Each structure stands twice: as C-alpha cells, then as structure tokens.
Amino acid sequence: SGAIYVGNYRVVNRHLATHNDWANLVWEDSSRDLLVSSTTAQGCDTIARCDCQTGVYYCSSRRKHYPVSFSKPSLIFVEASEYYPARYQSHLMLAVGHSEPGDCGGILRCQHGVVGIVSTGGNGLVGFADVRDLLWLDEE
Ligand SMILES: NC(=O)[C@H]1CCCN(C(=O)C2CCSCC2)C1
Ligand SMILES: [Zn+2]
C-alpha cells in the first residue's frame, strides 16, 4: 500500500483505490494503473520534473529503501494477476529489485522529488508507474 500526497491530490495504484478515492475522483487510467483523488489537507511530497534513470524506492516487504537503476517509461507486457488480465501497461519503468504482493504504492524518488510508485513485481523485478509527465499535479 502507499500513496503520493502532493498539493490537494492523493495518487494511488488504481487497483488499490478505496471507495473514498472513487467518490472524490480527479483522474484515473487503467492502462497506467493510476488513480488520483482530492484531499482536504495539503500534502508534502514534491513531484520530480527530470530525466533521472537512478533513484531509490521503498519496499514494504523488507522495511527498506533500495537504490535502483530503472528503464525509461515504456509500454511493458504485464502477466495476469487478480487485478488485471495479461496486458500492456503504459508509462511503466522496470528495475531489478524485490516487489511482492503488498509492495504496490511504495515511492520511487530521486534528488528532484517523487518519480512514481511501485505497480508491478515478481521474478526479482519491480515496476514503477511514472508520474513525472502529469504536470497538472503541481497546480490547483
Ligand atoms: N500493475 C499491475 O498490473 C500489477 C497488479 C498487481 C499484480 N502485479 C504484479 O506484478 C504482482 C507482483 C508480485 S507477484 C504477483 C504479481 C501486476
Ligand atoms: Zn530527478
């Protein structure tokens, strides 16, 4: 589990969105596994607006932040899970690292801010949904 809190937005994995998220919906995209809801309180996270390909992510199943090198956002084939059939997920970046069921939502960050959140795992790989192109997260 996990979310990004920027401005008056909460960014979560679409597959983990709550009823309150859906009832206060700003934007959702199943192809990216992302959903953004509105919040009453202002958040403290800042979104990275950069071209970093190295950063650090939080892995809840290890209680640890790991440094990783990750691929550029791309259209990657993801196997069927209990949340989606086997399909192409867009704006996904892969790295070598631990990601098991429950790690979705952990933040990937660089020196500039938040880059994305854990969205896929298994096989010693971890995939992150990028958020750096969602410029509107920085404004009202
Ligand atoms: N964004 C997605 O399509 C993900 C939805 C949740 C399931 N998923 C995974 O990668 C898990 C990783 C741990 S082993 C089981 C498969 C894919
Ligand atoms: Zn950066």
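Chain A residue numbers are taken from Swiss-Prot; in order, the displayed residues are 869-1008.
So this one's X-ray crystallography, 1.3 Å, going by the header.
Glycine is no exception: its Cβ is also placed from the backbone N, Cα and C atoms.
Quick look at what Swiss-Prot annotates:
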type	residues	note
ACT_SITE	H883	active site, for protease 2A activity
ACT_SITE	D901	active site, for protease 2A activity
BINDING	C918, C920, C978, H980	Zn(2+) 1 binding site
ACT_SITE	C972	active site, for protease 2A activity
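Swiss-Prot feature annotations superimposed on the structure.
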residue	record	Cβ within 10 Å
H883	active site, for protease 2A activity	15
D901	active site, for protease 2A activity	25
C918	Zn(2+) 1 binding site	13
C920	Zn(2+) 1 binding site	15
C972	active site, for protease 2A activity	25
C978	Zn(2+) 1 binding site	17
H980	Zn(2+) 1 binding site	15
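Taken in sequence order, the recorded positions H883, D901, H980 that lie near ligand 2, meaning a CB under 6 Å from one of its atoms, are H980. Checking the binding-site residues (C918, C920, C978, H980) against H883 (active site, for protease 2A activity) with a 10 Å Cα-Cα cut-off leaves nothing. Note: the CA-CA distance between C978 (Zn(2+) 1 binding site) and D901 (active site, for protease 2A activity) rounds to 21 Å.
Same-chain residues that are not part of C918, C920, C978, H980 yet have a Cβ within 8 Å of the Cβ center of the Zn(2+) 1 site turn out to be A916, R917, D919, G923, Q979, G981, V983, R1000. Taking the C-alpha positions, the distance from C920 (Zn(2+) 1 binding site) to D901 (active site, for protease 2A activity) comes to 21 Å.
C972 (active site, for protease 2A activity) sits 10 Å from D901 (active site, for protease 2A activity), counting Cα to Cα.
Closeness to ligand 1 is met by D901, these being the recorded positions among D901, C918, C920, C978, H980 whose Cβ falls under 6 Å from the molecule. Of the recorded residues, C918 (Zn(2+) 1 binding site) and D901 (active site, for protease 2A activity) place their C-alpha atoms 21 Å from one another.
According to DSSP, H980 (Zn(2+) 1 binding site) sits in a coil region rather than a helix or strand.
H980 (Zn(2+) 1 binding site) and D901 (active site, for protease 2A activity) have their C-alpha atoms 23 Å apart, to the nearest angstrom.
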